[PDB]
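Visitor: Encoded as structure tokens, here's the structure I'll be asking about.
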Amino acid sequence: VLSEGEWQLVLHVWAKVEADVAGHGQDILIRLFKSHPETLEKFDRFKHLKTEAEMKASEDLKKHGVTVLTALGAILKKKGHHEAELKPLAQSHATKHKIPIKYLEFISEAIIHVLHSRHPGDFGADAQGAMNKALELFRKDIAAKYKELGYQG
Ligand code: HEM
């Protein structure tokens, strides 16, 4: 369970992310797709993007980065009472999108990298530790849903 002080560190940096949801989303998806190319294969609509410049130019990719960060932000602001928000997400990503838990670890690592690039003064070690704990809780709760449905990752 994160303490209240850890949730404050998380939501203090996220309020910065929300100043520019679309640029943050771009940087995070592009990092994910470059570091782990297999994840790009899950998206029929982005499969055609071959270079980082093509990814940066894609309005559809930018739009989907806003979708992802908007849903994550809604979960974070629930501070670990996020059952209603998480359940629809785990069901679609297990049974429709077929995303293994491992890929949620990958995108977590991209999120933490981008936050540290863009917000050094609000993302020192103590915030980085709280954010890693929040994303682990996110993954742990999804993985429980996966297990129930027969997908565990
Ligand atoms: C922070 C983690 C993630 C969040 C909050 C998230 C959220 C979302 C949301 C809100 C949607 C649209 C509604 C829905 O289909 O349920 C979506 C769709 C999708 N997500 Fe995720 N997602 C995350 C991670 C991933 C990852 C790691 C992958 C793939 C490697 C993935 C693949 C997909 C696909 C294939 C779709 C449908 C996209 C389309 O063709 O319209 N998601 N995700």
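FYI, nothing fancy with the structure tokens labels: chains A, B, ... in order, residues from 1 per chain, ligands from 1 as they appear.
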Collect all residues with atoms no farther than 7 Å from ligand 1, counting only C-alpha atoms and all ligand atoms, and output them as a list in words.

Guide: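 I would give the residues around ligand 1 as residues 39, 40, 42, 43, 44, 45, 67, 68, 69, 71, 72, 88, 89, 92, 93, 97, 99, 103, 104, 106, 107 and 108 of chain A.
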
Visitor: Rank A:144, A:74, A:52, A:85 by their smallest atom-to-atom distance to residue A:35, using only C-alpha atoms, and report the top residue only.

Guide: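 Selected residue with least distance to residue A:35: A:52.
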
Visitor: When you draw a straight line from atom CA of residue A:56 to atom CA of residue A:101, how long is it in Å?

Guide: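 Value for the atom CA of residue A:56-atom CA of residue A:101 distance: 26.1 Å.
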
Visitor: Could you pull the residues within 12 Å of residue A:128, counting only C-alpha atoms, minus those fewer than 2 positions along the same chain, as an MDAnalysis selection string?

Guide: chainID A and resid 6:7 9:14 108:109 111:117 119:126 130:135

Visitor: Using only C-alpha atoms, please write the residues we just selected to a file, as a CSV table (one decimal), in the first residue's frame.

Guide:
chain,number,residue,atom,x,y,z
A,6,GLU,CA,4.1,8.6,-1.5
A,7,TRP,CA,0.7,9.3,-3.2
A,9,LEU,CA,4.8,12.6,-4.7
A,10,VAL,CA,3.1,10.7,-7.5
A,11,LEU,CA,0.3,13.1,-8.1
A,12,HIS,CA,2.5,16.1,-7.8
A,13,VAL,CA,4.5,15.0,-10.8
A,14,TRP,CA,1.5,13.8,-12.7
A,108,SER,CA,6.1,1.4,-16.9
A,109,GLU,CA,9.8,1.7,-17.6
A,111,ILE,CA,6.9,6.2,-18.3
A,112,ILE,CA,9.6,6.5,-15.6
A,113,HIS,CA,12.2,7.3,-18.1
A,114,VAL,CA,10.2,10.1,-19.7
A,115,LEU,CA,9.2,11.6,-16.4
A,116,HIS,CA,12.8,11.8,-15.3
A,117,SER,CA,13.8,13.5,-18.7
A,119,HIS,CA,10.7,16.8,-14.8
A,120,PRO,CA,14.1,16.4,-13.0
A,121,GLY,CA,13.2,18.8,-10.2
A,122,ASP,CA,10.0,17.1,-9.4
A,123,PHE,CA,11.3,13.6,-10.0
A,124,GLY,CA,14.2,12.9,-7.8
A,125,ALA,CA,14.8,9.5,-6.1
A,126,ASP,CA,12.0,9.8,-3.6
A,130,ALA,CA,6.9,6.3,-5.2
A,131,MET,CA,6.0,6.2,-8.9
A,132,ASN,CA,7.6,2.8,-9.3
A,133,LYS,CA,5.5,1.6,-6.4
A,134,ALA,CA,2.3,3.1,-7.9
A,135,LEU,CA,3.0,1.4,-11.3

Visitor: Here is a test: counting only C-alpha atoms, which residue of A:21, A:90, A:55, A:95 is nearest to residue A:34?

Guide: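 Going through A:21, A:90, A:55, A:95 one by one, the smallest distance to residue A:34 is for A:55.
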
Visitor: Rounded to one decimal, what separation in Å do you get between atom CA of residue A:28 and atom CA of residue A:61?

Guide: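 According to the coordinates, atom CA of residue A:28 and atom CA of residue A:61 are separated by 10.9 Å.
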
Visitor: Show me, as a list in words, the residues that have an atom within 9 Å of residue A:151 when counting only C-alpha atoms, minus same-chain residues fewer than 2 positions from it.

Guide: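 My reading of the contact set: residues 94, 95, 98, 100, 143, 145, 146, 147, 148, 149 and 153 of chain A.
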
Visitor: Could you write out that same residue set with N, CA and C atoms as a PDB file, in the first residue's frame?

Guide:
ATOM      1  N   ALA A  94      -6.577  -8.063 -21.578  1.00  0.00           N
ATOM      2  CA  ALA A  94      -6.391  -9.510 -21.563  1.00  0.00           C
ATOM      3  C   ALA A  94      -7.034 -10.188 -22.771  1.00  0.00           C
ATOM      4  N   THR A  95      -8.333  -9.976 -22.937  1.00  0.00           N
ATOM      5  CA  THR A  95      -9.102 -10.802 -23.855  1.00  0.00           C
ATOM      6  C   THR A  95      -9.271 -10.246 -25.256  1.00  0.00           C
ATOM      7  N   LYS A  98      -4.935  -8.806 -26.076  1.00  0.00           N
ATOM      8  CA  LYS A  98      -3.921  -9.822 -25.869  1.00  0.00           C
ATOM      9  C   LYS A  98      -2.576  -9.219 -25.504  1.00  0.00           C
ATOM     10  N   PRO A 100       0.466  -9.185 -22.886  1.00  0.00           N
ATOM     11  CA  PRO A 100       1.010  -9.855 -21.703  1.00  0.00           C
ATOM     12  C   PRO A 100       1.450  -8.862 -20.635  1.00  0.00           C
ATOM     13  N   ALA A 143      -2.763  -8.025 -13.020  1.00  0.00           N
ATOM     14  CA  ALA A 143      -2.298  -9.404 -13.166  1.00  0.00           C
ATOM     15  C   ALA A 143      -3.274 -10.308 -12.404  1.00  0.00           C
ATOM     16  N   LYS A 145      -6.458  -9.871 -12.202  1.00  0.00           N
ATOM     17  CA  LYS A 145      -7.607  -9.953 -13.112  1.00  0.00           C
ATOM     18  C   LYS A 145      -7.291 -10.920 -14.232  1.00  0.00           C
ATOM     19  N   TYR A 146      -6.084 -10.836 -14.774  1.00  0.00           N
ATOM     20  CA  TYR A 146      -5.672 -11.738 -15.823  1.00  0.00           C
ATOM     21  C   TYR A 146      -5.814 -13.187 -15.311  1.00  0.00           C
ATOM     22  N   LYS A 147      -5.295 -13.429 -14.117  1.00  0.00           N
ATOM     23  CA  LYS A 147      -5.226 -14.812 -13.601  1.00  0.00           C
ATOM     24  C   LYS A 147      -6.636 -15.379 -13.552  1.00  0.00           C
ATOM     25  N   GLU A 148      -7.554 -14.616 -12.961  1.00  0.00           N
ATOM     26  CA  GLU A 148      -8.950 -15.000 -12.930  1.00  0.00           C
ATOM     27  C   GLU A 148      -9.497 -15.453 -14.284  1.00  0.00           C
ATOM     28  N   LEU A 149      -9.252 -14.664 -15.333  1.00  0.00           N
ATOM     29  CA  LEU A 149      -9.752 -14.948 -16.676  1.00  0.00           C
ATOM     30  C   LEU A 149      -8.964 -16.013 -17.427  1.00  0.00           C
ATOM     31  N   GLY A 153      -0.750 -12.821 -17.696  1.00  0.00           N
ATOM     32  CA  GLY A 153       0.300 -12.328 -18.579  1.00  0.00           C
ATOM     33  C   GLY A 153       0.149 -12.905 -19.963  1.00  0.00           C
TER      34      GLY A 153
END

Visitor: What does the distance from atom CA of residue A:22 to atom CA of residue A:64 come to in Å, to one decimal?

Guide: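 Interatomic distance here is 8.8 Å.
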
Visitor: Neighbouring residues of residue A:57 were defined as those with any atom within 12 Å, considering only C-alpha atoms; residues of the same chain fewer than 6 positions away were excluded. Please report them as a PyMOL selection string.

Guide: chain A and resi 23+26-27+30+46+49-51+63

Visitor: Only C-alpha atoms, please: the residues just picked out, written as a CSV table (one decimal), in the first residue's frame.

Guide:
chain,number,residue,atom,x,y,z
A,23,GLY,CA,3.8,15.4,-25.8
A,26,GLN,CA,4.3,10.6,-27.7
A,27,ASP,CA,7.6,10.3,-26.0
A,30,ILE,CA,8.0,6.0,-29.0
A,46,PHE,CA,0.8,1.6,-36.1
A,49,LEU,CA,5.6,3.1,-38.8
A,50,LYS,CA,9.3,2.3,-39.5
A,51,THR,CA,11.4,5.2,-38.1
A,63,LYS,CA,-4.0,10.7,-30.2

Visitor: If you run DSSP on the backbone, which residues of chain A are alpha helix (DSSP H), as a ChimeraX atom specification?

Guide: /A:4-17,21-35,52-57,59-76,83-91,101-118,125-149
